[PDB]
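Trainee:
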Amino acid sequence: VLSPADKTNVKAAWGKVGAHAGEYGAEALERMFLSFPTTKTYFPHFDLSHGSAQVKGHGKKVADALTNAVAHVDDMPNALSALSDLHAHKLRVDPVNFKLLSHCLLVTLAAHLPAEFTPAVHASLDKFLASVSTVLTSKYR
Amino acid sequence: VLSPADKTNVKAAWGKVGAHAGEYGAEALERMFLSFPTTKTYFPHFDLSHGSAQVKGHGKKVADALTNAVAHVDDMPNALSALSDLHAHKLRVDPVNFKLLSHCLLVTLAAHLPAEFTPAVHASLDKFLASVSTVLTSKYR
Amino acid sequence: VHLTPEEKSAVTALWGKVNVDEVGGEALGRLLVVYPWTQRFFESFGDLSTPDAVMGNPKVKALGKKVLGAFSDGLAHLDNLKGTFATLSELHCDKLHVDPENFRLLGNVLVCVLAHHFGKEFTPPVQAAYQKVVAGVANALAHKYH
Amino acid sequence: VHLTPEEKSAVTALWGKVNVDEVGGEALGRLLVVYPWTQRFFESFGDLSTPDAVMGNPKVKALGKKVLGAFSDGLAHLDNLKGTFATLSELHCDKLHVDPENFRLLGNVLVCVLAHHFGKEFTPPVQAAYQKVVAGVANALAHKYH
Ligand code: HEM
Ligand code: HEM
Ligand code: HEM
Ligand code: HEM
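Chains as they are written, first to last, in UniProt numbering: chain P, 2 to 142; chain Y, 2 to 142; chain R, 2 to 147; chain H, 2 to 147.
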């Protein structure tokens with residue numbers, strides 16, 4: 002359950018990302034592919050090397066989804082419903098992998114927002130990404 | 002997300018447990034303590050050996066909570082709110098442990114309801130216990 | 002953490018009664034039904050659209066039989082599960098990229114299948130022994146990740 | 002799966018710059034704040050009621066320092082993490098009953114703390130190398146469960 006403080010913290014941390022949102026999303030993907038090679042198999046039509054325009058383009062879409070989550074943090078299941086269907090039904094993404102990407106998103110934020118990434122804000126972000134991950138894995142059937 | 006079929010399946014499987022509910026709850030606890038010794042540490046005021054009146058009494062309370070979940074399957078966060086507070090705030094139960102008890106509940110149902118425990122009903126029950134576990138771990142702060 | 006003589010007895014007595022042509026496929030089938038993302042690894046297996054389709058799919062039953070044989074193997078070499086499972090570990094980890102969490106899930110599904118099939122004979126001590134086994138197998142199968 | 006020479010270089014260069022009196026406590030503190038059930042193991046540590054209380058708690062910082070030293074140890078014996086971590090494994094597994102999933106979480110928290118403290122120096126390849134390390138340590142620490 003996201004507290005009011007969590008919502009505030011997440012809104013504030015994300016607000017500082019500004020025009021870098023797409024870039025940080027791509028960065029998190031890259032960190033995930035390198036640190037957790039099993040996740041690479043989901044992107045055979047992607048070249049996953051550094052500076053990949055595909056990873057870049059994809060990072061923008063990931064970020065847009067997170068932004069959508071932040072903006073509708075009280076209505077996330079509804080907000081990300083299409084995405085949950087996609088990830089469970091078409092993509093069949095292993096739920097363990099959401100924890101891996103969530104970790105890499107946290108690492109990316111930490112590396113870019115030294116002032117914002119306090120222990121409290123760290124906890125809010127973790128809960129936020131876990132709630133997103135929950136929604137995105139809620140549609141297996 | 003619990004489908005209508007899931008709700009039907011869970012209602013039907015549970016309905017067959019009848020007067021055995023308390024007993025099966027105690028049995029699941031016992032299976033958990035034996036198979037997963039780390040969980041024993043949460044009950045130092047309990048003797049955990051077979052035939053323990055404490056485990057018996059406790060099995061009844063666990064079952065009552067599940068029954069409450071079944072009866073209010075569309076409103077589970079609200080229905081188990083007190084319990085979620087208890088498990089996160091007072092008890093500080095590790096979330097991994099809910100998966101262990103959920104598994105042992107499934108094993109207990111399987112061992113007692115050969116007709117009911119079809120693959121489909123098995124899947125509904127798993128999703129049900131995972132949703133219960135989600136609610137019960139939703140209150141860390 | 003491995004098995005006491007009493008656990009080994011319980012485990013072998015029960016395992017002797019297992020139908021080796023059915024139990025493997027039952028477990029694999031249930032994995033695919035209960036944890037549907039696992040179906041991603043079986044796109045060539047044809048119809049997996051309903052629980053009935055999955056359970057009666059001949060490729061599922063055939064592969065299941067092979068899985069059960071590996072568990073049987075495991076049972077026969079509890080003291081060297083790593084060597085026993087080396088080639089399978091290379092396959093599932095290096096070649097397939099199966100997340101090792103799925104090895105734990107399949108083992109637990111197999112435990113549920115044993116409970117279903119032996120009922121009260123599948124006592125809590127008997128399950129305790131089997132959990133050691135499936136944990137062991139999972140850990141060995143994941144070795145290429147470690 | 003262990004480290005290439007290039008990863009070992011990246012890892013040791015960065016680790017040399019780590020303040021060993023602060024980073025351990027920062028990681029342990031954050032674990033307690035981010036995954037609050039972990040506080041169950043620290044009832045004698047006094048005030049853990051707020052993020053500030055936890056981070057400035059002297060017992061947390063002291064223990065943190067010991068944790069970091071074990072990672073340092075680990076770094077020095079990547080080829081025998083099991084022996085290095087045996088006594089710690091007995092402690093945390095046989096005595097404390099800490100679920101080994103928590104070893105993975107602490108390692109990841111430490112990775113987040115390194116990213117926070119080195120920023121852009123903590124590149125994706127550098128993190129990749131560190132993940133191998135923390136995975137290794139976690140697996141070794143869990144050995145008494147296997
Ligand atoms: C917070 C977690 C995640 C978010 C917010 C997210 C978001 C998205 C979005 C917005 C898309 C594009 C959908 C569209 O264009 O209609 C997408 C596609 C995709 N996602 Fe994710 N995703 C997440 C986690 C993951 C994970 C963990 C994996 C695998 C490890 C994954 C694998 C994929 C794949 C393979 C595609 C298809 C890309 C393509 O074919 O172009 N996603 N995701
Ligand atoms: C579906 C999962 C679970 C359900 C439905 C459940 C339900 C309950 C209920 C109804 C109570 C009694 C509350 C009261 O009397 O006010 C309780 C207490 C308790 N639970 Fe759970 N529980 C679950 C999982 C767990 C797990 C996984 C653990 C630890 C591994 C755990 C540890 C405890 C402990 C230590 C108590 C206190 C018992 C006592 O002091 O008498 N519970 N739970
Ligand atoms: C305890 C866990 C497991 C055991 C003991 C096991 C055992 C086996 C065995 C014996 C084979 C036959 C290999 C051969 O033909 O020589 C096999 C193949 C295969 N397994 Fe598993 N398996 C396990 C878990 C899993 C899981 C969880 C998945 C997917 C989620 C998986 C995916 C596959 C696939 C796709 C093949 C076909 C390989 C091929 O023919 O190319 N396995 N496994
Ligand atoms: C990579 C993971 C970990 C490492 C490397 C580690 C390392 C250590 C070290 C070096 C000590 C000092 C032992 C001594 O005084 O000789 C210690 C003690 C302790 N650890 Fe950890 N630890 C880890 C994870 C955890 C986790 C996740 C928890 C709890 C959730 C935990 C709970 C404790 C407790 C309660 C003590 C106090 C032991 C005592 O003095 O009786 N540890 N650990």
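Ideal placement from N, C-alpha and C gives every residue a C-beta, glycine not left out.
What residues in its chain sit with their C-beta under 7 Å from that of H/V55, if we drop five residues either side in the sequence?
Mentor: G30, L33, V34, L49 and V61
Trainee: Is the region 9-23 of chain Y close to the region 29-40 of chain P, with three or more CB pairs under 8 Å?
Mentor: no
Trainee: Counting only Cβ pairs nearer than 8 Å, list the residues of chain H close to P/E24.
Mentor: Chain H residues near P/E24: none, gap ~12 Å exceeds 8 Å.
Trainee: Identify the contact partners of H/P52 in chain P, using a Cβ-Cβ distance below 8 Å as the criterion.
Mentor: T119, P120, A121 and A124
Trainee: Quick one: is R/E27 buried, meaning 16 or more other Cβ sit within 10 Å of its Cβ, or exposed?
Mentor: buried
Trainee: Taking only three categories from DSSP, how would you classify H/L115?
Mentor: Here H/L115 sits in helix by DSSP.
Trainee: I'd like to know whether the C-beta of R/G137 is nearer than 9 Å to at least one C-beta of chain H.
Mentor: yes
Trainee: Determine, for H/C94, whether the minimum Cβ-Cβ distance to residues of chain P falls below 9 Å.
Mentor: no
Trainee: Between Y/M77 and Y/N10, what straight-line distance do the alpha-carbon atoms span, to the nearest angstrom?
Mentor: 17 Å
Trainee: Got a sec: is the Cβ-Cβ distance from H/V2 to anything in chain R below 9 Å?
Mentor: yes
Trainee: Let me know the secondary structure DSSP gives R/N20 once reduced to three states.
Mentor: Coil, per DSSP.
Trainee: Anyone know if the C-beta pair for H/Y131 and H/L106 falls short of 9 Å?
Mentor: no
Trainee: For Y/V63, would you say it is in contact with chain P, using Cβ-to-Cβ distances shorter than 9 Å as the test?
Mentor: no
Trainee: Run through DSSP, which three-state label would P/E117 get?
Mentor: coil
Trainee: P/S139 by DSSP, collapsed to three states: which one?
Mentor: coil
Trainee: From R/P59 to P/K61, what does the alpha carbon distance come to, in whole angstroms?
Mentor: 43 Å
Trainee: For a test of the three-state rule: what should DSSP assign to H/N140, helix, strand or coil?
Mentor: helix
Trainee: If you follow the alpha helix (DSSP H) that P/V56 is part of, which residue opens it and which one closes it?
Mentor: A54 to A72
Trainee: Output the boundary residues of the alpha helix (DSSP H) element that contains R/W38.
Mentor: Neither: R/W38 is in no alpha helix (DSSP H) and is coded neither H nor E.
Trainee: Alpha helix (DSSP H) containing H/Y146: first to last residue?
Mentor: Taken as a continuous stretch (DSSP letters only), H/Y146 belongs to no alpha helix (DSSP H), as it is neither H nor E.
Trainee: By the 10 Å Cβ neighbour count, where 16 or more other Cβ atoms means buried, how is H/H78 classified, buried or exposed?
Mentor: exposed
Trainee: Counting only the same chain and skipping the five closest in sequence on each side, list residues whose C-beta sits under 7 Å from that of Y/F34.
Mentor: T40, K41 and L49
Trainee: Tell me, to the nearest whole angstrom, how far the beta carbon of P/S134 is from that of P/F99; I am working on the premise that it is less than 8 Å.
Mentor: 4 Å
Trainee: Starting from Y/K140, find everything on chain P with Cβ-Cβ shorter than 8 Å and list it in chain order.
Mentor: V2
Trainee: Identify the contact partners of P/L35 in chain H, using a Cβ-Cβ distance below 8 Å as the criterion.
Mentor: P125, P126, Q128 and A129
Trainee: Report the rounded CA-to-CA distance for R/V99 versus R/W38, giving the unit in angstroms.
Mentor: 11 Å
Trainee: So, does the CB of P/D48 fall closer than 9 Å to a CB anywhere in chain H?
Mentor: Among the CB atoms of chain H, none fall inside 9 Å of the CB of P/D48.
Trainee: So which of H/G120, H/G108, H/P126 and H/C113 has the shortest CA-CA distance to H/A143?
Mentor: H/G108
Trainee: Chain R partners of Y/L107, CB-CB under 7 Å?
Mentor: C113
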